[PDB]
Structure formats: structure tokens, C-alpha cells
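Presented as C-alpha cells, the chain that follows is alone, the form solved without the ligand.
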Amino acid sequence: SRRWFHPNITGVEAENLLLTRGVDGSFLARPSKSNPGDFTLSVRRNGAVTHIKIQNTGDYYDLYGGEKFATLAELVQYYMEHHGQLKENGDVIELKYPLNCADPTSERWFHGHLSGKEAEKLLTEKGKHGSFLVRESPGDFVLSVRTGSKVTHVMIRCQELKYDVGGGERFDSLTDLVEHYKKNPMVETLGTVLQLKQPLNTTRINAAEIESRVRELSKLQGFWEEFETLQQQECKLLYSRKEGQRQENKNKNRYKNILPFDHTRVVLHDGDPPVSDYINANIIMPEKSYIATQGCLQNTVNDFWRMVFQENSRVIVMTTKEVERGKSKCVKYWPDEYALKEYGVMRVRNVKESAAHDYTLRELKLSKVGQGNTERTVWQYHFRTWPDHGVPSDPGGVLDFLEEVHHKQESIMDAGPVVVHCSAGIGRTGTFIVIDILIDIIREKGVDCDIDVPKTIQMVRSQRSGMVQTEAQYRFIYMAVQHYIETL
């Protein structure tokens, strides 16, 4: 589980939680209050609490004295499985016991302040057999289910810090109660089974009414509460990343612990006749395809081109500068303008470069060496103006770029997936892919369609780890879709 994350606690509350209710090896994670956008990993080690900083400017989670990761669940799973890796002075910190949160705020089914009539309305319009929710009653709670068709309300009593349905077991949290009756459903006298199948959808909005949702999420924030509910669903996305762990593939990853899922990785068949099949790249299939990948390493430039050629990709979206903050984000994998270069068995020519305000377009020609008939044009769209930290203050530039990328891809008959990359290939990459997926819904289906932003992100996140990194990018995605519909 992801119960070790406590969204609404202070460093003091965290210290007292570990020192009174935990042991040596106990830990929890929490958002930082001192600098929002950041996280803190509080660990109990020899009767004392250590608070460790986790940073995310949009590319990955960067734990002080540790490594860079795609999700907090990936970070926690790693350090709990691989010991001696986390260090203070250099003292080996061990994560042994997650100290669980009882706060139901980040749960999909928790609604807090809500009326039984409004809960009945939502379950009537947006609900199906098994749809349920938990809301505040006088210090008590209410479980409202849909069965068909009807709505049943079950009182949840709060007696001396424990929860019950009026008999049987007394739970230490609403989640323990909810989970219990999910596995062991309450049966009504006349045989009705109160099936807790799925939480009620609170995120799907009609495209045309996005402005109303943006306003509502901008009220004390709602964006933060919505994002942290999506974040909580990331414990379901811990798929294997075994291939990316192989000795032979270690130097093929830009970040040691940010790996591609095995079930979606782009497998390379070109094959020089040992382990010629790996690239830190994943296929992104909506519900037009993409490949989400990292910025090239000097040793992966060749694999990059074997992939572009294999997949029949005709468009590349680069969302980083080669160098940001004095650090190399992506090596130059393309030739200089008018030059011709050989990258292993692959040959590329930079025919022409066009510089627009927010980006450069490079017309590339790709072919396999010794076969002239294999030649195809690859359009490289390189976004140059993304801030080193955070998101652009206005989404127009990104929307204009994405519009051009869209129409180029659309004009090319039988073009393979769109290649999208930044540094790690999870934050800016995930942001551009998600904006593009949602704005494609409003392209085909028009302003009258239904859009569900965290449903889309979760779907993309099961395909590559940590796709869309921060709450800032998440807000940017809302702001981008809203600007598209406004200019429609």
C-alpha cells in the first residue's frame, strides 16, 4: 500500500507520530510545508527522527543523499527492498516499517462535507451497480451505495477514535472499514448485497464546462486535493522493470532507478549478432501512438535511431534544451544543418532547420546504410523555451507547437508513433503526451465530449512510470485544455 504517505501533517506531528507510535526503522512521507512542491521523508533511527528532503521541479523525485526516482511508491519500494543504499556523515538509513496514515482525504471514495440528497444526486446521475462513497454526517460518517436500482445509506459511527457499522468489528480507520466491507459485503435482511465495486467518479467533466471546474479547483487548493488522490493510485502501477536492470543495460539508462516497464518497453530487433534489444523507452497507447523516452546518452544515440527507423516514426518532440542548468539533459543526436552523419547502421541528413518563437523544426532524412530505398523524412520539433523549473506561465506556446506537430503527423500516411522526450522522459514528456491526448478527444468529438484528466494520466502512468511529475504540470494540463476550448 501507500498508507506511509500523510498529506496533512507537520514536521512536529510527524516527529511525535514516529517517536510515540513507531519504532527504529519506522518512516513516513509527507508534502513539505516550508517549500511547497517538495516532500519530506521522516525516519526514526536510534530514538531520534531524521527529516530527508525530496525534490521535484518536474523531471523526477530527488531524495537528498539518495537517488532520483519516477514515483514516491517506486522510491519507497526500492529502499525497503535494497538496504545499505540510503545514507546520512554517511550513516546507512534503513526504511523498515511504514507508519500508516488514517486520514481518508486522498481516498477516491471520501467526500467529507456532502448532503445525503447531493450524494443521492451524484449516485443517480454518475453512478452504476456497486458505485459508493463515504461522507461526513455529528462527527459520524455515511456510506452510500448504488445497487441495480436504488441508493442505500449506512451510518458509520465514530466511537473513541474507531469506526463501526453499528455492530461487529471496530476499525482504526475508514479505509480499514471500507476495505473490509469491500471483501465482506453487508447483506440486507431481504437479501440485497451492498457491493462496494467502484468509487463514484468525481473527475469526469464535459469539455465545454472545463472553465467552471478550473474555477472550482482554484478554490481552497482543490487542484492539490485532486492531484494527491491520483498520486495515491500509483501503488497499483509497480510493474516489473527487470530488463532495464540487466548488467548490460545499466549504462543505457540516464538515471539508475528510472526504468521502463517490461510490458510496454520498445524492444529493438535490428540486432548486431548480445543484448542489442534495449532502450529506456515505452509505447504509449491512448485508452495516434507515442514513444516516451529519455534524452540520449552518447552511448544510446545509435539505439535511438534504430528505434525511430523500426517503429516508422516520422515526428520527434524534444521538450528540453541540450544543456539546462550547466547539466547535459540530452546529447545532440542529429547532424548540423546541411550535414550528413552515420549513427551505426543508420544514416541521417539535416536537410533544413526552421526557427519559430518557442521552437526549432529540423527536417531530417533517415535511412539504413546500404539501402537507399529505406529513406524517410523525420520531422524534429524541438521546444526550446520551457523554464528550467516549473511550467510556462501561459499554455499558448505549447498549444501552438502541439498543433503543428499534430497536423504534420496527420499529413504523413502510415506514420508510426510520435517520439516524445525530455531528460528522464517522464515529466515534460508526460505533460506533452497528456495535453495531446485530451486535445485529440476535443478534436474528433468536439466541445460536447467527456474528459477525465486523472483517468488519462493514470492510463498513461501504467504505460511508463511517473508520467506527469508535479502538481504544477497537472494544473498546466488543465490550463492548456481550457485555453484550447476557449480558442475553439
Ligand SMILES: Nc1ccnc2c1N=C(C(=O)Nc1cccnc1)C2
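Note that residue numbering begins at 1 and tracks the sequence as displayed. We call the rigid core the largest set of C-alpha positions that still match within 1.5 Å between the two forms. Shifts are known only where both forms have a C-alpha.
As for the form solved in complex with the ligand, it is not shown, yet the points below apply to it.
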Exercise. Even though the ligand is not shown here, does residue 72 get within 4.5 Å of it in the bound PDB entry, heavy atoms only?
Worked result: yes
Exercise. Is residue 231 one of the residues lying within 4.5 Å of the ligand in the bound PDB entry, judged by heavy atom distances?
Worked result: yes
Exercise. Is residue 196 close enough to the ligand in the bound PDB entry to count, meaning some heavy atom within 4.5 Å?
Worked result: no
For this session: Examine residue 290 and determine whether its closest non-hydrogen atom to the ligand in the bound PDB entry is within 4.5 angstroms.
Result: no
Exercise. Based on heavy atom distances of at most 4.5 Å to the ligand in the bound PDB entry, which listed stretch, 149-157, 370-378, 331-339, 234-242, is the contact stretch?
Worked result: 234-242
For this session: Could you tell me which one of 264, 350, 106, 249 places a heavy atom within 4.5 Å of the ligand in the bound PDB entry?
Result: 106
Exercise. Is it true that residue 46 shifts between the shown form and the other one by 2 Å or more at the Cα, once the core is aligned?
Worked result: no
Exercise. Is it true that residue 65 shifts between the shown form and the other one by 2 Å or more at the Cα, once the core is aligned?
Worked result: no
For this session: Answer yes if the CA of residue 33 moves 2 Å or more between the shown form and the other one after aligning the rigid core, and no otherwise.
Result: yes
Problem set entry | Shift in CA distance, residue 34 and residue 47, in the bound PDB entry relative to the form shown here, given it is 3 Å or more | farther
Seminar exercise, completed: In sequence order, the stretches of at least 3 consecutive residues present in both forms and shifting by 2 Å or more at each Cα after core superposition between the shown form and the other one are 33-36
